[PDB]
Each structure stands twice: as structure tokens, then as C-alpha cells.
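*Asks:* I am attaching a structure below and will ask some questions about it afterwards.
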Amino acid sequence: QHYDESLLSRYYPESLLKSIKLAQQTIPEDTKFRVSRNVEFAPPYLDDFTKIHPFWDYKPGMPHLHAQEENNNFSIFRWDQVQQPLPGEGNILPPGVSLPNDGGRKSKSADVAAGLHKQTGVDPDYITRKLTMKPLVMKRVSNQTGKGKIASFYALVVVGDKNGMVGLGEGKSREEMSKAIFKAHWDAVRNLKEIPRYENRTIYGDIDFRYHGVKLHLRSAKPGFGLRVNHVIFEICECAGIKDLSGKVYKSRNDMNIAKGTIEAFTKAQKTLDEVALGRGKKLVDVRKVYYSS
Amino acid sequence: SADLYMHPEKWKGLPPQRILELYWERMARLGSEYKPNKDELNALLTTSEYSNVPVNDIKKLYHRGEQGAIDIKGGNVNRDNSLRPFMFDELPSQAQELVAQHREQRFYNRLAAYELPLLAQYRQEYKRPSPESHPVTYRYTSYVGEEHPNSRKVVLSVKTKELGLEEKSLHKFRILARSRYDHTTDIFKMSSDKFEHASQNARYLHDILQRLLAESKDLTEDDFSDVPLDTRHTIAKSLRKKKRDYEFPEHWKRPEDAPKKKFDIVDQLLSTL
Amino acid sequence: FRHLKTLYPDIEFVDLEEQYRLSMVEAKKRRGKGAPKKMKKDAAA
Amino acid sequence: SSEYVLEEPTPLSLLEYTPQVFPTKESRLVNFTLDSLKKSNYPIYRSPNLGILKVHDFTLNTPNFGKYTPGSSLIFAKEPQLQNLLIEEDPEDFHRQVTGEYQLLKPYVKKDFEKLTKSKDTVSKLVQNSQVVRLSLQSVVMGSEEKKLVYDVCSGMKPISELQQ
Amino acid sequence: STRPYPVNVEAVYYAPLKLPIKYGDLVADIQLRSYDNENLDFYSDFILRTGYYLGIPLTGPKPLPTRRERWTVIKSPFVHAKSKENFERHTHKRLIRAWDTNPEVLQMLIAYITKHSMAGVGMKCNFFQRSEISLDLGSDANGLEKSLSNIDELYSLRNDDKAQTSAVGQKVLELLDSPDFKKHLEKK
Amino acid sequence: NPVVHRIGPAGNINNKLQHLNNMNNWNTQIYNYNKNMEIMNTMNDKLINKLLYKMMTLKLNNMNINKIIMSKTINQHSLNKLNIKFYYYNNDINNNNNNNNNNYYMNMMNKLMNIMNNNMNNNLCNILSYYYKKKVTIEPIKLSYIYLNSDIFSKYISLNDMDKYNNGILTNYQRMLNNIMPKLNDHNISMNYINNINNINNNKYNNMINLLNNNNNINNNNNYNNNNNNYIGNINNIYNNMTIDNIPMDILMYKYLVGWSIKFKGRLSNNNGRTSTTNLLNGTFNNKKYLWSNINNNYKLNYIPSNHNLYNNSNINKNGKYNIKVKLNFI
RNA sequence: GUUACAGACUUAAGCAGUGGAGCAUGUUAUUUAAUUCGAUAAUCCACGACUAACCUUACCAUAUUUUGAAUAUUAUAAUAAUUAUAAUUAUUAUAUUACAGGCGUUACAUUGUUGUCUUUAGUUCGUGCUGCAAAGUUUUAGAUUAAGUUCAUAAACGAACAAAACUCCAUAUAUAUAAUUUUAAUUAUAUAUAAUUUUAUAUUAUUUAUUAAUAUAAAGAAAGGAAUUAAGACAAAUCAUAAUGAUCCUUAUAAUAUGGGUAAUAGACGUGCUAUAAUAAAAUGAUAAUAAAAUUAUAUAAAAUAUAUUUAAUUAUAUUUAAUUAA
Ligand SMILES: [Mg+2]
Ligand SMILES: [Mg+2]
Ligand SMILES: [Mg+2]
Ligand SMILES: [Mg+2]
Ligand SMILES: [Mg+2]
Ligand SMILES: [Mg+2]
Ligand SMILES: [Mg+2]
Ligand SMILES: [Mg+2]
Ligand SMILES: [Mg+2]
Ligand SMILES: [Mg+2]
Ligand SMILES: [Mg+2]
Ligand SMILES: [Mg+2]
Ligand SMILES: [Mg+2]
Ligand SMILES: [Mg+2]
Ligand SMILES: [Mg+2]
Ligand SMILES: [Mg+2]
Ligand SMILES: [Mg+2]
Ligand SMILES: [Mg+2]
Ligand SMILES: [Mg+2]
Ligand SMILES: [Mg+2]
Ligand SMILES: [Mg+2]
Ligand SMILES: [Mg+2]
Ligand SMILES: [Mg+2]
Ligand SMILES: [Mg+2]
Ligand SMILES: [Mg+2]
Ligand SMILES: [Mg+2]
Ligand SMILES: [Mg+2]
Ligand SMILES: [Mg+2]
Ligand SMILES: [Mg+2]
């Protein structure tokens, strides 16, 4: 040790040289230097202390303890921004997390689509673009415990492309009903099916299927008839792509049971012409289509 | 200059940022006593391009103040920004406290590194007063940053045998001190705090010591040779401490049983490097 | 708080406690349960 | 990172931090000067007064400050500027602090008691009383004049009426 | 080549160095007390460093016994005397002793440390001075003159850019050096 | 890490970046031999805190009332001076001052903080000097969020959001509180912290071995002074690649808010006349880096886990008194 | 006024007690001008209250004050300070709108805090699955644990508040500090390590060592206490710590002084103290057998003296303050 002015005058500020010289002329060279592990005084990193680091040293002008700037020499006047912001990259985002962004205007459909693609193989673009959301049954459901009545939000929604697929999903949440709709949207996209339609317009023939206590009587319709059916079925049809229908609900008229029954009826109660012809060994002809043919 | 903010006439030509800082300083130090001046506007108007604010806006902000900012904005900030989600750009309070701890630690390390060595210019050799010439010891007490009433106390302590007194005078001194002298260690002892300053107490103690010395050296009337020295107070004092005055018997020692250093060939051969 | 005006006339402050007090007395005045008028010593003898 | 501008620590600056009670008599002179400065309300522990602020230069070092009995609200006195400020520097405080002078009261001899009473035994009893009061009052913290007044009243010279009763 | 780190900045990373005691006559006894230990120890370490660079032998922080005060109080506001709670307070104390040092050097040390104090720590200083059996107390005029000369020499400035001053220091020096001090002692 | 096989017997939590100094557990940090002086200083501290609370609220006009929320003042008494420290939040952030028109006028808050220290003779520090007989300084520290301090968070929700829970907690308001912070993986953060500390220790240990094994191959036995001296080598190699730009930030503790709870207890809801309590518990309330690594938790005031910062503030509504209790955990 | 299973000084055993006597203290009841108020099953009753002569004190008697304890509004005048006889400011006094003040009522309007269930082991959430659904699952067949503790199977896989752990007193060891006259180093207090012990053998029942309890062995200094008492319930306690909502008083339900009461006593009651004698009481025991933890700037008070009291000692006052504001 005991460096000369070479490699020392050009590396340390000039004003700090006299102190270094006095330290060299005071501390005997070849003096043993204990390390104290009862008290911590030096930083855990090497530092010469020649430069006042922002965010790791007191800001000049800040009225702090150990502020040597008299009382009328404080040089901070605008208390509007955060003095001494973070150093380096300027943020402490931990690994594996993303900086929050617009969430109020970010559609929940995008969140559902991303999550489903994460777990299942479905693509997000189709869910976001070609699927329609419309709730069916929103209501507060209450269970009582030792604590007391516990209220839960039960939401049932349908999702379809107006081109053949429709799904039904129910979700419960105690935090809020928006969450219940989120779970229902999640489930319904998970539970999508394919509905056979006659000329992409109406069902094949008439259906008289029974769901638990709900008697679904549905009959086909003329072109341009419109959905002259119960509102639950009307919503299911409009989301599923059915445009002309007519029917009546008998016995129980519970909305949720109606929705489940009509989805099932579309799925399995009806049969396509091609399947009947193949299993029959016969030929079924649409007179309307062949009358207007070439 | 320290008073540069007070004089806005000489602000002309200064950089816009320095102009703004000066203007802020002037209206921050003055407070309610701040008064607008034309030169300050002319200096401020030169900074329109620096902060991209139209001149007329600067005039209205100078005059109307926060009301000016409100009426140029066209509407108050109607949004509950308080509950904004974290951007991970600031530290919690307790983390900042930890940072401030390190800031103080770095401040003290820097002080020790660079300011402290400059204290080596005030080293002075200890000019030791001769013990024989200076036997009496005065103890002064100080409380830094407080006004404790004990700061006035002064204690005088000296050995009687080093007073320089003859046998008869020493005996008279010892028997006149009464409880203030302990024969076990031969230390005279005396404190005073009646007076409200240390200087007065020290003078009082010195005068009492002179008075006692003068009387002790005056053997014309009575030398108090017959009356023995009383030691009952010391007996009482010593009876309130534990006496560990027992030593290991000399004849129980067996030095032959101590271990002898063994032969270390490596250590023997390492002496020659 | 009373001395802040003497030192710093520029900045206006609000004493939430005093404002709550005056709000409460006014509400009682409006409700009709105001403080009765205290009678002066000169009354009677 | 701004360069560190070292400022040499010098004894003159480090003054105002000297221990209040130090054996050397140079420290006695310095501490006396500081005591005189602070008793005169010279600006220490706070920013000094210059002419920049005209109607907002306040000081709270009026004699009533801290005390209760002279019931009044906070006096906001008009502080003097840094100049035209007076320093007391009382010589009695100097001897009291820089030197170690102490009055130690004044003993009463039988001449004084005999001026009043005629019975020798009563004179002897009064002498003893004056001695006892003299030796038992020098350690009590009060002013010299009040201590003398109590000393005379208790000894017998001045009647009780001298005190406020 | 590589960055050099001189001893002043090397010493910061190692335990403070203590100068040896040569004669053995005590000159001060500074006791630091705090209700915690971290600040006390850090400040102590600083005191040792300041003393060493100033040429003052210091022994080091001696762990004097801590004092535990204890109070007890019923937890409930009104009436549950059965439930009680214990509160305690600890006074951590250290002792540093200075030997074989001139009075003015010790004054320099104490001044510096009090200037750069820390939160929570309190300091009480015991000063020992050896003196004659009999001292001349009437010697004032010559004594005052020599004392004023010593004050002027001690607080004498040489450089200008460095050695930051204090307004109070200037005021005290000007008062002491003012000729009107002479008539203060001329009251006789 | 629990293993620490290739380091050696050591360990020092005393770093000022990994533990909160116990002096900070107290609002007044003073020791005085004159206990009467200590008591009066404590009383003055409490009084001035209340005065600053009075000072904070400001109004520009009838329709502008600005409440500046501040935390408990940290009074730091040293032998020569006193410092008053507090964090504050200004709701009137004015679009984060994005527009530059702010440079030409001081809002009420700037003037308030300026008279705290900067005003020449009329600043508060002068008056507080009269009360304390020493130099006094005040530290205003700005906080850009309200959930970074339990004091500011409780005070804000107790003094500025009456309309949001007076008649029950609104759905949007309750949702915003539950989404103040992203749900972070406490386990990953704790393990990352442990690995970083282990890496620092290994790097330093390797520096020792490399330095001592070579030491430029000059210093040898009988020259190292193996009896008492421990000077191993140049300070440069002791902390090679261990500098201010990598070490301190990754050893700093109490960075992230993982759990937070708010409790609205009182007469808020205008029910038949009873009281209701609404609790919003989000996250976790235990520090995972204290039971796996070798650092040990310290209990503030012998009853508060260090990782917990909690506070409650009261107020008065038309029905009576209510209390908002906020407790935060900072891993 | 339902069944089964375990714990806990619940019980059994042991030691000491209460209930019996006298006294101290709280309560009831009663008396009284007042015997102020509250607590009053476990969860009140030497409780709020860590000391009721005056104060305190909230009660009774008799006298006495009326914008009072602040904050604001408007006039009149006086004093002090600072600038060059004037100007400004701060305070004081006299008024009035204006209230202030309340231990008055409501713990069944409240904040905060607390007692009991309670060192008890429970209380919930995300995704998945089951039932049309409310819901359920996880939170369990069977065992183990102090414990939703840990396993085994199981639509479940995880997580949060509790459990445990970190924490503090204490323990063993290492390093450092202390010029071993602040001594005691047999200590003090800073950092760290250690154990929620490990290993081996055998005898057991078992899911077969891919194991539990029984003992042994040997390696260890290694064995305790404190804090923390979840969710809900008791409309449990508190408006007499303090604070607010509503209602009530404003020459009185607010404020001051002199006395008294809170200390009364038929009965009853819960806590304790002291005794009813010889495995137990009394005197004496000066190289003064042997402690720990606490206190002394609103002080602690030694030694010596006179006294009762005899030579002295012990015991209690008085005389006088030695030393110390404390390893
Ligand atoms: Mg319906
Ligand atoms: Mg002793
Ligand atoms: Mg039994
Ligand atoms: Mg009986
Ligand atoms: Mg009995
Ligand atoms: Mg009796
Ligand atoms: Mg009673
Ligand atoms: Mg009651
Ligand atoms: Mg009375
Ligand atoms: Mg009222
Ligand atoms: Mg009353
Ligand atoms: Mg209740
Ligand atoms: Mg309550
Ligand atoms: Mg289903
Ligand atoms: Mg269960
Ligand atoms: Mg010893
Ligand atoms: Mg636990
Ligand atoms: Mg509970
Ligand atoms: Mg239960
Ligand atoms: Mg009740
Ligand atoms: Mg009551
Ligand atoms: Mg009250
Ligand atoms: Mg009355
Ligand atoms: Mg009573
Ligand atoms: Mg009891
Ligand atoms: Mg007996
Ligand atoms: Mg002891
Ligand atoms: Mg002890
Ligand atoms: Mg005695």
C-alpha cells in the first residue's frame, strides 16, 4: 500500500488528496486490520465514497438529519415530484410479473379467451371476435351458516357464433356479480356444442322433448317467420343462429331449466336428413329446394 | 450569489432553468411577503419555449395563480386517482426507512474516510503534569444537550500521604476529615453541589482544603495526638461489599504437572523459512 | 391553529374540529334544538 | 453523481459544541460568552434575522414565555435585526461563571442582637438561630436578594411583614 | 491499472484502531446510553475512529449493565383486574475512556462527536484534571490576558476556501477579542 | 440457504438494508439523563404532531378543499438537533403535472412545505427551536400512492371516502381496493431473495480463496502473521464484482406488498341502528423468507411482526364514530 | 331434558387451605343531608381504585360566579417590540351575536379496549368435478398428534386467517470490548452456533422395517417459562380513561370556597391477615454463614451522637448530613 501520487491524483478528486496524505502519514503502514463481526459499520460492497450517489446518499438541499446546509441554504422548493426516484432501470418489477396496463377498457372477453387458451387448446381470436355474450339468469342466492346468511351471485350466460355453436354456463361468486358472469362466460365457452340447423335457419321437424319438469314443444317455421318463442329460447336461438321457430313451454317454466332443455333438445332430440337417409337406406328429398332448382 | 434570487434585474441572459429555479426560490423564501415585479415577468417570459407554455398563459399564471391554472385547464380533475394500481415505480415507507438507514451509514463512512483524517493536524503530545506537583484531582461532570442539575457537581480527591504534611499534622488532618477519609486506601474525598455552578463548587472545595490544611499545620493549640483515628464508617462501608480475599495455597501448586511443549518438526524447520 | 394566520396569512387552513362544531350547532339550530338564550345578570336583581 | 466537496473541519466551526463544564478556564470564557449570547436572544438554534422580511420577523423569547402566572396568550414580539442587537454581559454572571466567587451570606454578631433585646440568654439563642439559618440556606437555589431577605426574617432582624405574607 | 483504495477508505471496512496507553492517567469518562443497541454501537465505533485520528487513546465501549424498568397495567379499560399486562424498558449503556490527552484535543473530540450525533443516544462526560495543592485564584488580569491570547491562537484561521466557519464562532471570538472585555475585569 | 455448506460460520442481519432499526419503532427517539426533560420533549412531540395535522388541510375556495394526508411524525432527537420526519400524499396531483404550466405558480401544498423550512425567519423551525432549545428541521417525503403506508391509507379512506361506504361499500370501490397490487408469488420472491444472498456470500468466499491462494504468490507463512493479524489482501479483491449497482437493491427488505386488509367497523350502514363490520382480506400475511432462510423475524415493540405495518383512524359521520383499520404485509 | 369418542389439577391420590375464632377489605341490606358512580353466575365482590384527613370527589349543607376553558364577528382604550416623535404588529382590559360547559340518560346508537367459550382447533378462497339447483367436494375411509398436526385411501390440486415456527427470559460454547481502582473477569453485553436431539440394539403389534412403543446402549450441557387466545356467540363489561350520535340543563344538571360524607352498622356474603405450643415458639450468635431483582434531581439518606435505658448491644424518635444522581 502507501500509494504515491501516480495512479492516485488522476483517480481521486483533488480536494480529497490532502486527507489521503494525512491518513497515510498517520496510519502506520503494515498495520494489522481486524474485521469486526459484532458491529457493522462499512457497507457490504466496496465503495470509495467519492461521489454522492442519488438514492443511496442524502440528496443535497434536503432538510434531513445530518444536513450541513445551515438553515437558509436548503435548495428544494418544489415539493411536487418524488425526490430521489428509484435508480437503475427505475422500477422494481419482480421476475415473472408484468407491468399493469389499461384494465378498465380491457374486455373481460380477452381475459377469458387468454385463460381458456392457456388451459385448453382453443384460440383467443375466435372467442374475442366471433362469440356473443348475453346473460340469461342473474340472481342472488343465499346459504346460511353458523356465521349467518351468506349471499352468492349466480349468473347463467350463453355464448354462440350465430353460425351453429352455442354453449351454456353457470357461475357463482360472493365477491360480486361481474365475477359470476366471468365464470359463466368461462364455463360456457368451455361447454360449446354444435347444433344442426335446417338450411342454417330452423330445426328439422318438430321437437317434443322433456327436461325434468319442463315440457318443450317446438315446431319448425316458415322462412321469415321470426322467433315466436319464449324469451329464454329466443335468446338461445339468436345466439345459436336459429332465425325461424315457434313453440310453447308447458309445466315448469324455470328459466335455467328451459335453457338447459332447449340446448339439449337441439343437440340430440332432432336428427339431420342425411343421417336418417343413411340409417334408413332411403332417400329424403326437400320439395322446396328441388322445386326452385335448375 | 446567495442573494441572486432577491435581484431579478440581473436575471437577464441566465438559462431558462436557472431563471425558473430563481423565481421559485424568491417566492418560496419570501412567503406571504412576496410581491410580483415586472423584471421577473420579462425573465420568465424568456422561458416560454423551454416549458412550451404560451406567453399569455404565463401572464395569467403569474397573476391569477392556481386559479389561473384551473381556468385554463377548463375543468377540475374529476377522477379518483387515489386507488390507482401499482406501477412498481416507488418503494413502501418501511423500505424507504431502510434506505434512509443506509444513507446515514454511508454518510458516516464518508465522514470517517475523508473528514476524519483531516483531524490529524490537531494532534498534540501529551504534556504530562508532574504527579508530585499535581496530586489533587477534580472531577467535572457535563451532560451534552441537557441541563441536568448534577452538572454543577465537583469532586475533590487527593491522597493524604501526598499532601506533604508532617506526622502530627497528617494525623490531625485525618481525624478532622472524619468520614471523608478512608484509611484503607488513604484517599481524601469531598464533593460540593450547593452552589449553582461548577466553578463556584471547585473554588469552595479548594478553599475548604486550604482551611483544613492550615488548621492541621497549626499545632500550637492541640495536635490531637491522644485521640485515635476513627474507622467505624469504613467498617460499615466495607461490610456492604463481598470480600474475595482468598488465594490459592502456595504449597498446593505442582508445577511439574504442567504440560511441556512438544516437538513440531514442521515448526522447527519453518523458523529458517 | 389560531396563530397560523399571524405567521402565514398567505395560506388558508381549515380546523376540521371547529368546522364540525359549527356544523353541529347549525344543524341543531335548524332542527330547533338550539342553545337557550342565557340570561344576563342585570335581569331582576 | 455530484462530486463530493469536502470542507475542512476547523476548531472555529466545531465551537458551539464544546462541553459546557470543562476544567480549562479558556472553556470557561467561551461558555460564558455563549451563555451571554443565548441569554441575549442572539439567533442560535435558528435562522438569523435580517431586513428581508419586514412584517413577519417574530420572536417568542419574552420573559413570560414558558411561565403560567402572568396569564396572557403567546406574545409575538418584533425581533431585532442581526444588527442593533444588545448583549447583557452582566459582571455578576461573569464572576459567577468565569470565576468561582460565592457570597456565603454575612454572619450576625451579638452586637446586632443586643441592639434589640436585653436578656443575654435570648441573645445567645438568637445568635445560634442566625448561625443555623445561615448554614442551612446557602445550598438552597434562589436569588441572592431573596435569600438574604429570608435569612434576615428567620434570624430575627426583619419582621415577617417584609415577605408578601 | 486497477483502482487504488488508500488506507483512509481501507480503514472504514475494518475494526477501529486504538492507540496504546503509555502513562495511564485518565482524562475523561464518556458514557453513552440509549434505549437501543444498534445506534449506540455504531456511534461508539465512530467515536473510536475520531479519537484515533485525533491522537486520543481510547479503550473502547465497555458493556455496563443494562437497566430494566418494569410497569404493570390492567388490559381492560374498566374492570378486568384479572387480566394484566407487563411493560418494560431497557437502558443500554456503554463506557469509553480517554487517557494521556491534552485538554484542548479532548475538547476537539467531544465537539466533533456532539456535532455529528445520532438519534437516541445520550452522552454524559466526566472530566478529570490534576492540579496543585494550592492554586492562585486572585491572578485574573494576567490570567485573562494569557487566556485570551490562547483562545486567539487556537481559533486562528489560515486557509480561506476550506475550513467552513460558524456565525456563532465569529460572534464569540469578536466579543472575546473586543477591548471592552478588559474593563469587565477592572471592576475592582 | 439452510445448507450454507461452502461459506463458513458467519451471518450478519445487522445490515441496515435487511432489518428495521428498533429505534424506528418509537415515534420519539430520545434518551435524556434528565427524565423531566425527556417527558416534556415527548409531550411537545405529540402536540406538534397534532399541530401539523391541523396545518395539512388547505382550501383555495369554497369548492376547493385539499386534505393532505400525512403519517405519524418520526421525531429524531440527537445531542445537538431535532428532525421531524413524515411521509405525505397529495391527491390533487393535477394529471401528474403532465402539463408544464405548473412551473409558473406554487399551489397551496408547495407553499405549505416551503414555509416548513425555506422561509427565512417565519418558518416553523424557528418556533420549534424556541420550544426545544436546539436546531429543528422537518423532512417532508412525498408518497405517490396511498397504500404504501398504513397511516396514509387508513386516514385517506377515513377522511376522503365518506360517500363510498356511508351507505354500504360500493362494488367499484370494493373492487379497486382488491386490485391495488398485482397478485405476486410470495414463495418465488422469498426464494429469489435467498438465492441472491447465497450468491453474494459465495462470490465473497471465492474472492477470499482466490486472493489468499495466490496473493501475487509472494506472501507466505511466517509472513502473513498467522498469530493475530487477519489482513488477507488488498480491499480490491475482497469485494470484486460486488459494488453499489448490484448488491444493495437485491438485499433490500420489505419491498413488495403481498397482503393487505381493510376493516370498516362502526355505524356506517344506516341499518335498523346496529353496527356492521366489513373486512376485505387480500393476499397473505406471513413472510416466507424468515422460516426457510437463516434470517430471523424481529417483533417490533415486542408484539408486532416486522413485516406488518398496521394503523387505524377514526372519524365522525351523521350516525356517530367509525374506524378504518388497515393492516399491510411487506415482503 | 340427543348418541359415541378424547381431554383438564374436571376427577382419583398428595400437600396446603376456606367454612369454625378475632381483625383487614369488598359487597348486600339498612340508616343518613350525603353515605357519589359503576361492576354484581360462571366472566362481581383487595373489582374500576398503584394508597378517600383537605385535594382527589363525582355526593350533602351553607355562601358565591354568570359569554365563564376555547373559536369566530364588531367597537373602545392601554401596554410592549421593531423600523425612520410617527407607522406597523402582538398582547391586555370592557362590552355584545355567538355559544362554552355537563361524571345528566342511553354499552339496547357507537369508536377503542376487555372477560368467557380459548392453547381451544377451528373459519374460508381459486381452478376442477358431482347434483337441474340451493349446495357438495376439498375440510375424509382408518389411524396418529397438543393441534383440519402428519400419513393411507379418496375428485380433487393448491392457498389464506388460525396450529407449528420465527420472537423474548433462561441455557452451553466461540469471538470481541474492559489497562481487573466503577471489579466481579465466578462479571457485564454485542454477534454467531446449538436441539422441535441424534445413533445403535433388542422386544413388541403392524400395512413387515418400504415402522410404531418398550427397553437398553453411547454422543450430547441440553430440561423449562413468557408473549401471541382465530371466526362467531354471550344486545356479556365500559358513555366514570378518553372520544362522538341522539335527547336533556343553560342564574344551572355549568364554576369556586368553608365543613361533612365516601370510614354509618341489625343481619348476610366473597376474599385475605393473625392465632389456637414441643416433626414449635422466644433470646443470643462482630475476622458479622449464604441471594436475586429493583430504587435514589419532585432524592436516597450512611457513620457518630442525646433519648427512652443499665456498661453495652437490639428497637423507636430527635440531633447532622458522609458519599452518590450510580457496575
Ligand atoms: Mg322465471
Ligand atoms: Mg454498593
Ligand atoms: Mg382432588
Ligand atoms: Mg360465619
Ligand atoms: Mg372466618
Ligand atoms: Mg388492631
Ligand atoms: Mg357501593
Ligand atoms: Mg350497567
Ligand atoms: Mg371540598
Ligand atoms: Mg355539547
Ligand atoms: Mg358535575
Ligand atoms: Mg356490549
Ligand atoms: Mg364496544
Ligand atoms: Mg351442472
Ligand atoms: Mg370440520
Ligand atoms: Mg475481579
Ligand atoms: Mg404460535
Ligand atoms: Mg375469537
Ligand atoms: Mg362453536
Ligand atoms: Mg346489557
Ligand atoms: Mg354512568
Ligand atoms: Mg367524557
Ligand atoms: Mg354545581
Ligand atoms: Mg369505599
Ligand atoms: Mg379478587
Ligand atoms: Mg408456638
Ligand atoms: Mg446484585
Ligand atoms: Mg442483574
Ligand atoms: Mg445509624
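Residue numbers start at 1 in each chain; chains themselves are named A, B, ... in the order of the C-alpha cells; ligands are numbered from 1 in the order shown.
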With DSSP run on the backbone, what are the strand (DSSP E) residues within chain E? I'd like them as JSON, numbers by chain.

*Replies:* {"E": [26, 27, 28, 29, 30, 31, 32, 33, 34, 62, 63, 64, 65, 66, 67, 68, 69, 70, 71, 72, 73, 74, 84, 85, 86, 87, 88, 89, 90, 91, 92, 93, 94, 95, 96, 97, 98, 99, 122, 123, 124, 125, 126, 127, 128, 129, 130, 131]}

*Asks:* Would you kindly return, as a count of residues only, each protein, DNA or RNA residue with an atom no farther than 7 Å from any atom of stretch 150-152 of chain F, considering only C-alpha atoms (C1' of nucleotides) and excluding same-chain residues fewer than 2 positions away?

*Replies:* 15

*Asks:* Nearest to chain F: which of A:238, A:29, A:40, A:206 is it, counting only C-alpha atoms?

*Replies:* A:40

*Asks:* Please identify all polymer residues within 8 Å of stretch 15-28 of chain C, counting only C-alpha atoms (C1' of nucleotides), omitting same-chain residues fewer than 2 positions from it, and present them as a PDB file with N, CA and C atoms (P, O5', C5', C4', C3', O3' and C1' of nucleotides), in the first residue's frame.

*Replies:*
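Output file out-v9.pdb follows:
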ATOM      1  N   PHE C   1     -53.521  26.601  16.218  1.00  0.00           N
ATOM      2  CA  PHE C   1     -54.066  26.911  14.903  1.00  0.00           C
ATOM      3  C   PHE C   1     -54.368  28.395  14.776  1.00  0.00           C
ATOM      4  N   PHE C  13     -55.930  27.694   6.136  1.00  0.00           N
ATOM      5  CA  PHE C  13     -56.082  26.374   6.715  1.00  0.00           C
ATOM      6  C   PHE C  13     -57.524  26.195   7.161  1.00  0.00           C
ATOM      7  N   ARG C  30     -81.180  24.530  13.117  1.00  0.00           N
ATOM      8  CA  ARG C  30     -82.199  24.237  12.116  1.00  0.00           C
ATOM      9  C   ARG C  30     -83.225  23.250  12.651  1.00  0.00           C
ATOM     10  N   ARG C  31     -82.764  22.205  13.336  1.00  0.00           N
ATOM     11  CA  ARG C  31     -83.668  21.214  13.904  1.00  0.00           C
ATOM     12  C   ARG C  31     -84.551  21.800  14.996  1.00  0.00           C
ATOM     13  N   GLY C  32     -84.197  22.965  15.532  1.00  0.00           N
ATOM     14  CA  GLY C  32     -84.968  23.614  16.567  1.00  0.00           C
ATOM     15  C   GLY C  32     -84.447  23.406  17.973  1.00  0.00           C
ATOM     16  N   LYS C  33     -83.497  22.497  18.167  1.00  0.00           N
ATOM     17  CA  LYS C  33     -82.933  22.223  19.490  1.00  0.00           C
ATOM     18  C   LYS C  33     -81.688  23.062  19.752  1.00  0.00           C
ATOM     19  N   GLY C  34     -81.800  24.370  19.569  1.00  0.00           N
ATOM     20  CA  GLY C  34     -80.668  25.245  19.775  1.00  0.00           C
ATOM     21  C   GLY C  34     -80.388  25.500  21.239  1.00  0.00           C
TER      22      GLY C  34
ATOM     23  N   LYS F  54     -53.379  19.692  11.974  1.00  0.00           N
ATOM     24  CA  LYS F  54     -54.233  20.845  11.713  1.00  0.00           C
ATOM     25  C   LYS F  54     -53.757  21.596  10.479  1.00  0.00           C
ATOM     26  N   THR F  57     -54.594  20.372   6.102  1.00  0.00           N
ATOM     27  CA  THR F  57     -55.744  20.682   5.265  1.00  0.00           C
ATOM     28  C   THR F  57     -55.701  22.130   4.789  1.00  0.00           C
TER      29      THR F  57
ATOM     30  P     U G  71     -58.616  30.418  21.224  1.00  0.00           P
ATOM     31  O5'   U G  71     -59.621  30.344  19.999  1.00  0.00           O
ATOM     32  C5'   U G  71     -59.738  29.153  19.239  1.00  0.00           C
ATOM     33  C4'   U G  71     -60.809  29.273  18.188  1.00  0.00           C
ATOM     34  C3'   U G  71     -61.119  30.678  17.715  1.00  0.00           C
ATOM     35  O3'   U G  71     -60.174  31.176  16.792  1.00  0.00           O
ATOM     36  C1'   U G  71     -63.132  29.534  18.131  1.00  0.00           C
TER      37        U G  71
END

*Asks:* Using only C-alpha atoms, find which residues of chain F lie within 7 Å of chain E and jot them down as a list in words.

*Replies:*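 Selected residues: residues 22, 23, 29, 30, 31, 32, 76, 77, 78, 79, 80 and 235 of chain F.
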
*Asks:* Within 12 Å of chain D, which residues of chain A are there when counting only C-alpha atoms? Please give them as a PyMOL selection string.

*Replies:* chain A and resi 12-19+48-60+68-74+87

*Asks:* I'd like to know which of F:49, F:292, F:33, F:20 is closest to residue G:297, using only C-alpha atoms (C1' of nucleotides).

*Replies:*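 The shortest atom-to-atom distance to residue G:297 comes from F:33.
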
*Asks:* Pick out the chain A residues within 7 Å of chain F. Count only C-alpha atoms. Give them as a list in words.

*Replies:* residues 32, 33, 34, 40, 45, 46, 47, 63, 64, 65, 72, 74, 77, 78, 79 and 82 of chain A

*Asks:* Go ahead and compute the interatomic distance for atom CA of residue E:79 and atom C1' of residue G:237, in Å to one decimal.

*Replies:*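 One can read the atom CA of residue E:79 to atom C1' of residue G:237 distance as 7.2 Å.
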
*Asks:* Would you pick out the contacts of residue F:201 at 10 Å or less, using only C-alpha atoms (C1' of nucleotides), so that residues sharing its chain but fewer than 3 positions from it are not included, and give the list as a VMD selection string?

*Replies:* chain F and resid 4 6 to 8 10 to 11 195 to 198 204 to 207
